[PDB]
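Chains as they are written, first to last, in the entry's author numbering: chain A, 441 to 527; chain B, 27 to 109; chain C, 1 to 237; chain D, 2 to 226; chain E, 451 to 1140; chain F, 30 to 56; chain G, 1228 to 1282; chain H, 1130 to 1178; chain I, 444 to 1014, 1023 to 1031.
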Ligand SMILES: [Mg+2]
Ligand SMILES: [Zn+2]
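This is the structure in structure tokens:
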């Protein structure tokens, strides 16, 4: 049954979620909120730049600046060695 | 009682274990519920302290919790009520 | 070459004199190479002294029982056979135990001459009854290993002298076994476990040291053919 | 009490096999001393043997070479019978070229310094006019028996052909004792030991190294206090 | 597998329809079908094999040769009779005293009547006599020396296990044999035979060119390293040299299990029959390490792996190196266009054929999406199903056979490119592997000891295997003991010193048996072989090895020394040369393990068999056993959260990894399948709370 | 015998067979 | 004889009570023998008060 | 019939020389002799036979 | 095998080498497992230690097919099984395979460790005889170790006048030294002076009367050295044995030592017997050579003397004095007489140290008929229908059979083998039916408290008048609990109500002189759903009273239909497994 639950990717995915929430908690709060809303990690609904700037009450260019700054922070390998093995 | 000393899976001797409880089925469930208590102690140690306590005898270097449980049974450190 | 792992030697002291040595680890299989050789060396290479023969008054051919005592002849003999005694004088020296009156003769009753000594004077040997006097002579020399009861090379040069066994060795019982420690990281090495039990003349540690000295001489005989031959060096300690 | 320490004389029979005789010993000891030397000699004498080869025309072990009568695994089973004695401990290489018909003996092998081949008369392979065999051989010191080290575990290429090595200069060992054991209890054994080495090292040198290994392992139990 | 009689098939009886009376041996089978050889499973008697001399009547009956005898004069007119004329007439024995003229000697002669009866007819009514002994027996069973001593059960086991040996890399001929090793090898087909006589021109490891006496030449190509149908090697090396003259019908090249023409199913090993240290306990066998070192028992196995690059609905597959997420470390063995390079050694789980399929568009999980957002690696819409070498296998790669649509090869519909990769390894003999002699005395390998802790002779020669004693007297197979003594006699070589006439045992021996060489091959035919007085006579004078040393005395025993302790054994022990085989029940084909693997489709149990992972069937009787212990929790475990509790299995695995407790088990899945089947059969089934 | 390049394997057979073994794949 | 047993059980409306021994094996719950019965399955295991105070 | 069944099975197993204690056979025979038959319905619920 | 344990314990070893910081996470740990980097073995030892596994062997005939062993790592790829569970597993080493399972939960590990462990299951479930008893090879070894050879090297002779007795030895240590020197044989009769072994009951009551405690006391005995080395295996409280270790003697010793001592003492004692048995089985020199298969010298005369009678029966049939069947019956009886006479002469011809008769008379394996068919006469061989062939086979397998005799033997061999296959199928099917019959007999209450119960025959009356013991008491009387009391000649009570009724109280009843006891049974347990405990009596596996959770119906069904298979038939009453 090649669509059955493989039972090792599931626990790898749960460990991915735990480690990913830890690494996203290593940042500040506006940053992690922007990342979680930009990639839908809180409900499965991917919020875009205008919704995020609306729910934070700023402009969308500020949201894109914060997005680029944090995604530059995450590509630093100190925030990345614990996630590199997850591909 | 002059038995040579056991080793491995058989320490403490089951014939000294059976004098504590009624039958061996009670010995099994008694040891297993104590081992799950010890496992919940090791899992719930990182957060705040709750009602679990143990291991009451000092464990080994790396020792399985069921062996800690059975050595606690042989040490006369617990009690139980049946159903 | 290299041994690639240095073996050790440690003991577990059980009684005062009964030990248990372990040696670990070796190359498979060196445990049987050296355990049996070590057993034969312990039993048959340590010098020591014992009783060779005795003679007794009142008994000429009634070898069943001695008059005046309780215990029969062979019980006296196999009490005297288990008698720890040290010596230095290589010739067969004689010792006398002799005691009148009823009571329990012990090992401290005997009066040793110069050099010989008894290592358990508080040992029961015999009982006397009703004003009896027991007077036995001992013939004590030293030697190696275990000898049988040596048949009397003379016929009747000493008509009372009857021979016994002589447990020369200070050790009594040695047994051994092997094991299979650390099969995976080390590719199934061995572990020699000894069980030596001596009498109270010497310690088992000194027994094993003296046996190691005799063995290292006995294999140094084979070493001294081509001294510059490459072997397996364990190295420093 | 015998207070005569034992000796060792020697008896040569051929170039490669000779008898050693040890007397007098304590009684009930000769079989044990003989088995001790047998289990040492027949197991742990350091020697040298070929480890891996590399034929140019092959890519692996399970193939054939154009021209030769045998195949590659038969060449393996013939070269596993060679005897060779190195001097230094680095893995040296020796070579073998042969062109044209004729039997290929081991005497065709050109060795470097230190190594030598102790039997040029070994049939290895035989060739014809189309035949061309060209191989290097890695020779290495060692002791005991080893299986073939893996190609993946080393960093070796595809041309590498691992062979089992047997580093054992000894070939056959026996003994017998002649216990006198007279009724006068002046008893002693007499160990008549026998060694046949496979023309790599002399039996004197094999027994000397065995004695050195035993002196080293019994200095363990001696040095206590 | 040819010459096989099988009473089951279409038009024939099946095994559940099979009564017990068809499986017996009716007395008409004598000379028409072997009573010994039959598979010892649940097919005993339904599958047989033809006799040696048997021949098929044109109406599909089984004729049998007979020597007709007229008026007490045994003629040579050989007349084939089927089983009806076998009942009409009367049939004598071939081990009867023919007095060199066709005449019998004693009047009271053994004979067979119609209904299987055995009588003493006077020697005037005998009208047919058997053509030889060993007529009743099959091909494989006639290759067992001293067969007439063995019981029929163990002879049956020996005949069924002589067909299971594997081709070793060396294949040395047996010392003690029958006649049936040469004939049943050159008739087996797997030996190249010189078709017409002449001289050798050119040999190699690959071809032989013969020069016929009249002009023509012909190249006999070999078959080197071809895979058999059960994964074993099929090498053919030549045995002729470049100047030899051959005749027609001569062996020119040995096959897999052949040696200078004749069969070689195993090797000649020094055996001893003491019980040693409990390692040869209850049919277990110990070995020297010399068998591992010198490659005595070592078989080459060749395995065929196969993948096809087929079409699909989304597009087309492609054999290529652009695989997905895989370190350029494991892409070192692969060539420029997929498949690995010839000779690169592989291990379990390695890549053999880089082959990648399209997948389509599936929306990602958001965590995977942000990982692709951080690292910048793309979606990679193709999905990798490469040909991985399965678990627990390794070895070299001999040959790579590749097909293609572009070469216009015959491929089935919707297939673009086929490739087969042949992987081969060289298995050493190892503990657990199955060895047996020629007498049904099977047994696994208990322990491969070193060569020094093995009981060696007085000449320092160690024994090679050590069988057990307690399996000999209760299985009634002392053919192995007679083979052992005669094997030692043939190894050392005898010389009956016939100085003052011939000794009394050796009178009716043939000539050139009065003396023999070391390693000289001998042979006993099956029902006319070495007598026991002749074995004592040969074993009495068995000329010494190199010194003056008769190692094995007249009793057939020897003074072994203990290799381990060192003392001699207090009693002499039987030694000799016994011919043993390596069976095809190797450990590496049998060991298996599964933690979590593939799952079945309709029900959700783990799958089955070593081809997949699968688990072992914890069947009904084992459920009874664990009920009878009273182990209730382990039964709940093994029937819920190891097999069918579908949501429970992943919780168990997660809790093990996190180190928590195992959760409480739920309902199995096959019960729910049962529930919906019962609701499908219009049966209102419902679970009630209280 | 009757097979030209056979090995020389000495037999203990007291008798003599008239008929050879047939062509074992004739069936 | 699963067909006939099943059909006349279906007629009789014969309710199982699951009190036997194969049934709890089938439906995966804990069998009523050995360590499954409530005299052993409901054991309360606490640390004794003396060693609790000493702990 | 309990004595008869136990004796008659154990006669076979002693003839093969196999030690089985009788309480196992008694467990089985006790399961055999559970039920009773209805020759008269009385007046309550029990079909004859 | 470690290559198998590494795949069984893969989540355990995965967690553990995440915990030792050898992997960054779970996925690198899994890849590290799949590449087998060599510190995974060092982690694997720690995750294996004290964690039992199960060892199934199909077909699981009875309850001991699944046991729980502590695993340990072994080089190679074959599961190493301990040899003393071959009898329970019915496992020879012809290539049998066993399935390893793995318990997971704490309840499962406790059940495996406490109920299903090897050393806790020694006895049968059926008859309570041991199955850890040392059989086969081991038994031979012990036999040669405790047998006694008159006229052996170094005996005790009391001859005097010229020299003393030369038989006494002050200690078994000195005896071992004199055995390593070539003076003492192991099997000679000497007089040692023991200080660590308990003397038998008569010598204890003689030398000490009431309380000889052994670790200090000394007492002499005329035994062999082998029996002293043998009694050093058994524990300190056990008395001295001084017999010849026949297999029944070892069974009785282990049954006594399991009935009176704790289980761990029984396990260690059985292990010591295994080691000593193998080590002296190597030295016993049991080999098989054809010089050791002696033929009976009077065989040809016996065959001629019965050949004349066969000839006269055939002549009387030829002259019409009797029909076809009666001459067959007469020949069958004559050749049975011939078989018996040949076997008798063979039995009286052999020595005692002939290894073929030594293996048999020790009780290790094989009956005497197999020796009779190795040397002497095969005898009568059956028809395919079941009758006897009247010829019969007159050659041993040492002499080598002729063609027709071998062809006659094939009938009976293939008949027996096919019959073995079909019976098995039938025996397993009978067990399958019985399990479903008694699936609901589980022990519910401690005590039914009835007073009904069966009576037991229990050593029926002699005609002259004694108490001859009934031979089948151990199956019909032991392990039972009395409902009534034992009173006799208006005397006192002997055994009160509700006692286990083992060996000493049976001895007390037969001493007091009663024959019938009214005992409880699981026939008349008055509980509602399944039996009580005291009607079931002693559990035959523990030796103690049955627990209050046992599924005794399943144990009963398995012990009945377990030993089938081997249950032949006979020569129109049905007389085997179809009769059952
Ligand atoms: Mg089997
Ligand atoms: Zn009751």
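Ideal Cβ positions, reconstructed from N, Cα and C, are used throughout, including at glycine.
Leaving out five residues before and five after residue i in sequence, what residues of the same chain have Cβ atoms less than 6 Å from its Cβ?
| i | result |
| --- | --- |
| residue 571 of chain I | 983 |
| residue 39 of chain D | 174 |
| residue 133 of chain C | 100 |
Please return the same chain residues whose Cβ sits closer than 8 Å to the Cβ of residue i, not counting the five positions on each side in sequence.
| i | result |
| --- | --- |
| residue 850 of chain E | 789, 790, 792, 869, 870, 871 and 872 |
| residue 83 of chain D | 50, 51, 107, 118, 120 and 123 |
| residue 525 of chain I | 512 and 561 |
Less than 7 Å between the C-beta atoms of residue i and residue j, yes or no?
| i | j | result |
| --- | --- | --- |
| residue 25 of chain C | residue 219 of chain C | no |
| residue 498 of chain E | residue 585 of chain E | no |
| residue 671 of chain I | residue 148 of chain C | no |
| residue 1112 of chain E | residue 547 of chain I | yes |
In the structure shown, what three-state DSSP assignment does residue i receive?
| i | result |
| --- | --- |
| residue 658 of chain E | strand |
| residue 1173 of chain E | Outside the shown range of chain E, which is 451 to 1140, sits residue 1173 of chain E, and nothing can be said about it. |
| residue 411 of chain E | Missing from the structure shown is residue 411 of chain E; chain E here goes from 451 to 1140 and no further. |
| residue 760 of chain I | helix |
| residue 134 of chain D | strand |
| residue 484 of chain I | helix |
| residue 748 of chain E | strand |
If you drop the 5 nearest sequence neighbours on each side, which residues of the same chain put their C-beta closer than 7 Å to that of residue i?
| i | result |
| --- | --- |
| residue 989 of chain E | 935, 939, 1004 and 1006 |
Problem set entry | Complete runs of the beta strand (DSSP E) confined to the region 141-202 of chain D [at least 3 residues] | 145-147, 166-168, 171-178 and 190-198
For this session: Would you check if the region 151-164 of chain D and the region 94-113 of chain D touch, i.e. whether three or more CB-CB distances between them fall below 8 Å?
Result: no
Problem set entry | Whole runs of the beta strand (DSSP E) within the region 496-571 of chain E, excluding any shorter than 3 residues | 497-499, 517-520, 523-528 and 558-562
Problem set entry | Those runs of the alpha helix (DSSP H) which lie wholly inside the region 852-922 of chain I and span at least 4 residues | none
Exercise. Can you list the beta strand (DSSP E) stretches of 3 or more residues lying completely in the region 453-503 of chain I, in chain order?
Worked result: 496-499
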